[PDB]
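Notes follow once the structure below has been shown.
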Amino acid sequence: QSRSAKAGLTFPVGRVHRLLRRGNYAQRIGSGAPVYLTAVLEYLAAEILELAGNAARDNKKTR
DNA sequence: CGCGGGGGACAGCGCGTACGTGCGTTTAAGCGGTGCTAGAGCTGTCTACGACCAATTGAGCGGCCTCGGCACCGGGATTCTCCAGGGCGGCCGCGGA
């Protein structure tokens, strides 16, 4: 079971950890940084998706 | 591509005042000094704290297909605006005694 589920997320956090690791950022990557990134995705995508739905109900379109 | 035209771009000149420049006299900074002490900082350190692959694993995806929604006119007073008479801002002028 991925560690995102116990933290309130869904990610396989190792995927983002690999992305940062192969991204030529730093030799040591903090373990909590990908988790905070996943939380940032969750909430920023929440507010942006609610903006998208806001403008969708502005035209009564379900898509 | 073409034309009517009319609201809008562009200019000429007066207003006048709004900065602009020349008079004195400041309020507060620059510099010399200082005596400290208060923050910035690497060295023994040592530990905890991150990385990666075995057993599993779940989890989101790869692919289709239903169906409650997309697109907009039948269906249409009102909105949005445009244009012709009426009473009027009155304005104004001119003349008997």
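Taken together, the values in this text are just the output of simple stated rules run on the coordinates, not laboratory data. Every residue, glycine as well, gets a Cβ built from its backbone with ideal geometry; the counts of neighbours run over all protein chains shown.
Quick notes
- The set of residues in the range A:38-48 being of a type in the set (A, V, I, L, M, F, W, C) and more than 13 Å from DNA strand B (Cβ to nearest atom) consists of A:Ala39, A:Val40, A:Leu44, A:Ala46, A:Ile48.
- Cross-chain or 6+ apart pairs with Cβ under 6 Å, the range A:1-30 first and within 15 Å of A:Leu41 (Cα to Cα), then among the aromatic types (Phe, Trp, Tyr) and outside any helix (DSSP H, G or I): A:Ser4/A:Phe11
- A:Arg15 vs. criteria out of contact with any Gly (no Cβ under 6 Å at 6 or more places or on another chain) and surrounded by 14 or more Cβ atoms within 10 Å (Cβ to Cβ): no
- Among the numbered conditions (1) surrounded by 11 or more Cβ atoms within 10 Å (Cβ to Cβ); (2) over 17 Å from the mean Cα position of the chain (by Cα), the only one that A:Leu9 does not meet is (2).
- Residue list for the range A:49-63, filter: among the polar types (S, T, N, Q) and either within 13 Å of DNA strand B (Cβ to nearest atom) or in contact with a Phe, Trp or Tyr (Cβ under 9 Å, 6 or more places away or on another chain) (or both): A:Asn59, A:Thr62
- Within the range A:33-52, not a single residue is in a loop (DSSP other than H, G, I, E, B) and loosely packed, with under 11 Cβ neighbours inside 10 Å.
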